[PDB]
Amino acid sequence: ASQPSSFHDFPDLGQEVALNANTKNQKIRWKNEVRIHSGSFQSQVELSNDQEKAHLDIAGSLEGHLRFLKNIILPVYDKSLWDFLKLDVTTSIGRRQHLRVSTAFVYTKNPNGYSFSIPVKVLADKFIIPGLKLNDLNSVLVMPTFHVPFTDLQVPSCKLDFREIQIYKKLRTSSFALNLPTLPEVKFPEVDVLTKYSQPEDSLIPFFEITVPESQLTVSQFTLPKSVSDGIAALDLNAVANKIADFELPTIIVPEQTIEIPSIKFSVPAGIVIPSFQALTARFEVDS
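Counting in PDB author numbering, the sequence shown tops out at residue 3891, every number present.
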């Protein structure tokens, strides 16, 4: 943001930059504009990329008061500029001269194009992908639920398929917490980690999206400069202070604190897409 002023109309400027990224949906817009004295300049660059189509567009506009230049004569030809050229408009007198250049690159693609997709069978609680059915190893393995020592985390039971590939849509995590004597004890509520088979809008690639839903964890309260124990020893800080100066510390209590776990999504390809050629076009124009 600039302030033009006297002495040949000081610069007037401005600049717009837009970036928005959604993986395969990448759109970039840039623009500059310049005004000074009796001339101005404006540049535009656009890059649009998406699943369907790609646009690359650049346009350059120039303006300049080159009237005087047009007011020229040719003694070698003994002819004037406008006369010799036989052009009057903007040449006989000379005018505010513009230069306009446009470049347009455009290509057509199919979002689904030529795509190889893994075979997926989806059920309410599981996904089944029929991979190679090699008979060399054991067909199945069953994993019983396990209690992790010193905690309340329960590992959900699972069945592992070797001939096919069996995934369980949602896995359940039991709650657990830390047991401490007056220290901040973090208590973990249950969270269900899921996997969804999706075809994103911003991305042409089919995916299995492993999603961990948000989780709120309860940190237990704790006492501070009143009397502190951590399971190894207990110390009365007020007693310590009274031992030295007969003055006891104010009591500090930190209440329970909730800590938020932002949701996270992991995408693994569920197939590839090769956009099929439909048309390629390029246009170049010079305008004087």
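Just so you know, even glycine gets a beta-carbon here, dropped at the ideal spot from N, CA and C.
Which of helix, strand or coil DSSP assigns to residue i
i: residue 3712; result: coil
i: residue 3627; result: coil
i: residue 3652; result: strand
i: residue 3611; result: coil
i: residue 3582; result: There is simply no residue 3582 to check, as the chain begins at 3604 and stops at 3891 in what is shown.
i: residue 3635; result: strand
i: residue 3812; result: strand
i: residue 3606; result: coil
i: residue 3640; result: coil
i: residue 3770; result: strand
i: residue 3617; result: strand
i: residue 3696; result: coil
i: residue 3825; result: strand
i: residue 3776; result: strand
i: residue 3758; result: coil
i: residue 3753; result: coil
i: residue 3785; result: coil
i: residue 3727; result: coil
i: residue 3736; result: coil
i: residue 3805; result: coil
i: residue 3646; result: strand
Close Cβ partners of residue i (< 6 Å) along its chain, the five nearest in sequence each way excluded
i: residue 3789; result: 3781, 3820, 3822
i: residue 3829; result: 3854
i: residue 3651; result: 3630, 3658
i: residue 3749; result: 3758
i: residue 3653; result: 3628
i: residue 3635; result: 3618, 3646
i: residue 3868; result: 3812, 3814
i: residue 3625; result: 3805
i: residue 3858; result: 3824
i: residue 3731; result: 3724, 3767, 3769
i: residue 3641; result: 3668
Other residues of its chain near residue i: CB distance less than 8 Å, five sequence neighbours each side excluded
i: residue 3810; result: 3800, 3801, 3802, 3803, 3870, 3871, 3872, 3873
i: residue 3677; result: 3683, 3684, 3687
i: residue 3736; result: 3766, 3767
i: residue 3727; result: 3772
i: residue 3832; result: 3784, 3785, 3838
Exposure label - residue i; buried when at least 16 CB within 10 Å
i: residue 3745; result: exposed
i: residue 3816; result: exposed
i: residue 3682; result: exposed
i: residue 3862; result: exposed
i: residue 3878; result: buried
i: residue 3866; result: exposed
i: residue 3689; result: exposed
i: residue 3608; result: exposed
i: residue 3692; result: exposed
i: residue 3806; result: buried
i: residue 3613; result: exposed
i: residue 3770; result: buried
i: residue 3850; result: exposed
i: residue 3791; result: buried
Spatial neighbours of residue i in its chain, beta-carbon cut-off 7 Å, leaving aside the 5 residues before and after
i: residue 3695; result: 3685
i: residue 3720; result: 3809, 3873, 3874
i: residue 3702; result: 3665, 3891
i: residue 3697; result: 3669, 3670, 3671, 3672, 3673, 3674
i: residue 3725; result: 3800
i: residue 3882; result: 3711
i: residue 3649; result: 3632, 3658, 3660
i: residue 3643; result: 3637, 3666
i: residue 3718; result: 3874, 3875, 3876, 3877
i: residue 3886; result: 3707
i: residue 3764; result: 3743
Next item on the list: Within the region 3662-3692, note down every full alpha helix (DSSP H) run reaching 4 residues or more, in order along the chain.
Entry: Counting only runs of 4+ residues, the alpha helix (DSSP H) found wholly inside the region 3662-3692 occupies 3670-3673, 3684-3688, in chain order.
Check: Is the region 3744-3759 touching the region 3778-3790, taking contact as three or more C-beta pairs under 8 Å?
Finding: The region 3778-3790 and the region 3744-3759 touch, with three or more beta-carbon pairs separated by less than 8 Å.
Next item on the list: Return the chain-ordered ranges of every beta strand (DSSP E) run that is complete within the region 3830-3886 and spans a minimum of 3 residues.
Entry: You should have 3855-3857, 3860-3864, 3867-3872, 3874-3877.
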